[PDB]
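> need a 3D model of the sequence below.
(chains A and B)
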Amino acid sequence: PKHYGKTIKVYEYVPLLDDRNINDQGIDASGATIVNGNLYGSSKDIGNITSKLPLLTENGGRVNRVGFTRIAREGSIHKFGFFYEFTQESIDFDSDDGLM
Amino acid sequence: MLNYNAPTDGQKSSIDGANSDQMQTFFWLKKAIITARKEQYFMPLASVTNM
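Residues are numbered from 1 along each chain as shown, chains lettered A, B, ... in the order given. Here you go:
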């Protein structure tokens, strides 16, 4: 549209299990505060997955908290142009008609 | 917890990461404030002569 400046922006929503999901909402299975905030990210290691599985006990409790993140992108526009000049004597007395 | 915090004054929301930020942070009425004309006193007194 006309009256909205020169920039367009959008959102992108990162999935839950990704390395790009950096946050501070993590609570591990024991209940302690942890830094990662996502279960195990993009890890294929069996040990890492086992150490970070979301297990539950009989009593439940306040464990296994997660969080989310989104990203934004942008782009803009520019202007270009060029020109040339001539005179009438360049047209009338030239040997080649149809130069223009 | 997911908090709104204050995106203005430099405290990003919890949902937003390092790259992102809120798009809309205010509302715009689009009805401007204008000032009217000043009234005139000496002008109605005069009469006109053609030239």
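> can you pull the residues of chain A lying near chain B?
Within chain A, the positions near chain B by C-beta under 8 Å from any C-beta of the partner chain are A:9, A:11, A:14, A:20, A:22-25, A:67-72. The way it works is simple: take the backbone N, C-alpha and C, and place the C-beta from them, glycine included.
> top of the residues you listed by neighbour count?
residue A:69 (23 neighbours; other C-beta atoms under 10 Å in any protein chain shown).
> can you tell me how far residue A:38 is from residue A:69?
The gap separating residue A:38 from residue A:69 is 9 Å, by C-beta to C-beta, to the nearest Å.
> oh, that last question was meant for residue B:40, not what I typed.
Distance from residue B:40 to residue A:69, by C-beta to C-beta: 64 Å.
> about what we covered before: shared neighbours, residue A:38 and residue A:69?
A:21, A:23 (C-beta atoms under 8 Å, 6 or more residues apart in numbering or on different chains).
> residue B:20: neighbour count?
19.
> quick one, what contacts the closest residue to it other than its chain neighbours?
Nearest non-adjacent residue to residue B:20, counting by C-beta to C-beta, 6 or more residues apart in numbering or on different chains: residue A:72, 4.3 Å away. Shown in contact with residue A:72 (C-beta under 8 Å, 6+ apart): A:9, A:10, A:11, A:12, B:19, B:20, B:21, B:23.
> am I right that the second one is in a helix?
No: going by DSSP: H, G, I helix; E, B strand; the rest coil, the assignment for residue A:10 is strand, not a helix.
> which positions in chain B make contact with chain A?
Going by C-beta under 8 Å from any C-beta, the residues of chain B near chain A are B:1, B:2, B:14, B:15, B:16, B:17, B:18, B:19, B:20, B:21, B:23.
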